[PDB]
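In order, the protein sequences belong to chains A and B.
With full-length UniProt numbering as the guide, the letters of the first sequence map in order to residues 14 to 126, 142 to 162.
Heads up: the second sequence at position 135 corresponds to 154 in full-length UniProt numbering, and the numbers run straight through without jumps.
Backbone N, C-alpha and C define an ideal beta-carbon position, used for all residues, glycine too.
Notes follow once the structure below has been shown.
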Amino acid sequence: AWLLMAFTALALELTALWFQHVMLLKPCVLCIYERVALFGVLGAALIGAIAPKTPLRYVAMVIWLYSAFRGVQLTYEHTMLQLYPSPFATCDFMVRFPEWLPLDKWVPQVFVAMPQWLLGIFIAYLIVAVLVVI
Amino acid sequence: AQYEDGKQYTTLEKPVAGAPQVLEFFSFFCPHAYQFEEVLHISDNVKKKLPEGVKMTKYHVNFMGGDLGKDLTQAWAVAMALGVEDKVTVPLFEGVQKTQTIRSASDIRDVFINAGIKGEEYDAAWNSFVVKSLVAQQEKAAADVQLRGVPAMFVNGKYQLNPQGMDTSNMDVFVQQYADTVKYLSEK
Ligand SMILES: COC1=C(OC)C(=O)C(CC=C(C)C)=C(C)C1=O
Numbered sequence: 014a015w016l017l018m019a020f021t022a023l024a025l026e027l028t029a030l031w032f033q034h035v036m037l038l039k040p041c042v043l044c045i046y047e048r049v050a051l052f053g054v055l056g057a058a059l060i061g062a063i064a065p066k067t068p069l070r071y072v073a074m075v076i077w078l079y080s081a082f083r084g085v086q087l088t089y090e091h092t093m094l095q096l097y098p099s100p101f102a103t104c105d106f107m108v109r110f111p112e113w114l115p116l117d118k119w120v121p122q123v124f125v126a142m143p144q145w146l147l148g149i150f151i152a153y154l155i156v157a158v159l160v161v162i
Numbered sequence: 020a021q022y023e024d025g026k027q028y029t030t031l032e033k034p035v036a037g038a039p040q041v042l043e044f045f046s047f048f049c050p051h052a053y054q055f056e057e058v059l060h061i062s063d064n065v066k067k068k069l070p071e072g073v074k075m076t077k078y079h080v081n082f083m084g085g086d087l088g089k090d091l092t093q094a095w096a097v098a099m100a101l102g103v104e105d106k107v108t109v110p111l112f113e114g115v116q117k118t119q120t121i122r123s124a125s126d127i128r129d130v131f132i133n134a135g136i137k138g139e140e141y142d143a144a145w146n147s148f149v150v151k152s153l154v155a156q157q158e159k160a161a162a163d164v165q166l167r168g169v170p171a172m173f174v175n176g177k178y179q180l181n182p183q184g185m186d187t188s189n190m191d192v193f194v195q196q197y198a199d200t201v202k203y204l205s206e207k
């Protein structure tokens, strides 16, 4: 697993990053949340259970549970609301961590200086990630 | 028994006193903002649930729109001072969002003119000191109950509001629920 995800992660980790700053500085809230369903699952899936040693690949299967699990609906909701709004939602420009996980939006949102693809690839990097491992 | 922190409202951690009797931020930019007030007529409903003379209060907020973001607030400012909120509320909403016709201070200017506002009396209370002041009061209540986005209610500067701890398939119901929640919280 390691390299196939680390070769495709970086290229999307960075295809975000590379151009994050070159795309000037677009306004975005669900991004960090969605960049945390990435960099909180890939960056902890290589190093998840496929791991430094390869005989215990079910801890990732549980990080691959609360992974694009969210990563799906985060971008799935995100998209839904663009043309199909709601009274009950919001629209913001802010941090948050309900248990002090703070540095996470004073660095990956701080050091930042289309959804079409996100909505689908987050579900696409799921069923493929599900089938062959479950 | 059946009214819970974390559920229908989330209690404010850092309570601000000197607050309204119920604030209600919003932007002329957030569809959800629109929906909340144009598609559901929520304030009106909630007003009707409120007791004797509990100041329903409302503001507008900046972050979305930047340059116009501002103008709009002072657009509103006036509209608090004069009287007008009720009469500009919709046009402007429709103006910015739906009809896609607002662009500059002047475009807004005119939208007051039309609804029975005098092109000077507006500019005659635009720059006034009792509307530079109101403009702060807005940013300052907003930095003070730690707003991140919009819509958003707040009672007594002590309990935010939480729509998710409620139904979200039945509009008729989501409403009757929402309003109660504010009533209950107005006496606490
Ligand atoms: C995966 O989550 C998201 C991104 O990362 C690839 C984005 O770049 C963007 C757009 C980028 C900027 C700088 C607004 C959005 C909206 C997003 O939700």
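*For the segment 110-127 of chain B against the segment 157-176 of chain B, are there 3 or more C-beta pairs whose distance is under 8 Å?*
Taking 8 Å as the limit for Cβ pairs, the verdict is that the segment 157-176 of chain B does not touch the segment 110-127 of chain B.
*Which class does residue 141 of chain B belong to by DSSP, given the choice of helix, strand or coil?*
helix
_So within the UniProt domain "Thioredoxin" (20-150) of chain B, which uninterrupted beta strand (DSSP E) runs reach at least 3 residues, ignoring any that extend past its ends?_
41-44
*C-beta neighbour in chain A for residue 55 of chain B, strict 8 Å*: yes
*Any chain B beta carbon closer than 8 Å to residue 44 of chain A*: no
*asked:* DSSP has residue 171 of chain B in a bridge; who is on the other side?
replied: B:44
*Going by Cα to Cα distance, which pick from A:29, A:97, A:101 is closest to residue 47 of chain A?*
A:29
*residue 48 of chain A: beta carbon under 7 Å from a heavy atom of ligand 1?*
yes
_Neighbour flag for residue 59 of chain B against chain A, beta carbons, 8 Å_ = Answer yes: the Cβ-Cβ gap between residue 59 of chain B and chain A drops below 8 Å somewhere.
*Please say whether residue 153 of chain B and residue 96 of chain B have beta carbons closer to each other than 8 Å?*
yes
*asked:* For chain B, check one thing: does any of its Cβ atoms lie closer than 8 Å to the Cβ of residue 92 of chain A?
replied: For residue 92 of chain A, the answer is no, since every Cβ of chain B falls outside 8 Å of its Cβ.
*In terms of residues, what are the limits of the alpha helix (DSSP H) holding residue 153 of chain A?*
143-159
_Residue ranges of each alpha helix (DSSP H) within the segment 60-101 of chain A, 4 or longer_ = 73-76, 81-96
*Amino acids of chain A, ordered along the chain, whose beta-carbon sits closer than 9 Å to that of residue 168 of chain B*: 42, 103, 104, 105, 106, 107
_Cβ-based burial, residue 182 of chain B [other Cβ within 10 Å; buried from 16]_ = buried
*Quick one: does residue 79 of chain B have its CB under 8 Å from some CB of chain A?*
no
_For a test of the three-state rule: what should DSSP assign to residue 122 of chain A, helix, strand or coil?_
coil
*Assigned secondary structure, residue 163 of chain B (DSSP; H/G/I helix, E/B strand, else coil)*: Note: residue 163 of chain B maps to coil in three-state DSSP.
*Between residue 14 of chain A and residue 21 of chain A, what straight-line distance do the alpha-carbon atoms span, to the nearest angstrom?*
When rounded, the separation of the alpha-carbon atoms in residue 14 of chain A and residue 21 of chain A is 11 Å.
*Do residue 31 of chain B and residue 160 of chain B have their C-beta atoms within less than 8 Å of each other?*
no
*Kindly indicate if chain B contains any beta-carbon less than 8 Å away from that of residue 100 of chain A.*
yes
*From residue 143 of chain A to residue 89 of chain A, what does the alpha carbon distance come to, in whole angstroms?*
10 Å
*Residue closest to residue 28 of chain B, alpha-carbon to alpha-carbon, out of B:202, B:184, B:194, B:193*: Out of B:202, B:184, B:194, B:193, the CA that lies nearest to the CA of residue 28 of chain B is found in B:184.
_Assigned exposure category for residue 130 of chain A - 16 Cβ within 10 Å defines buried_ = Missing here is residue 130 of chain A; chain A as given proceeds from 126 to 142 without the residues in between.
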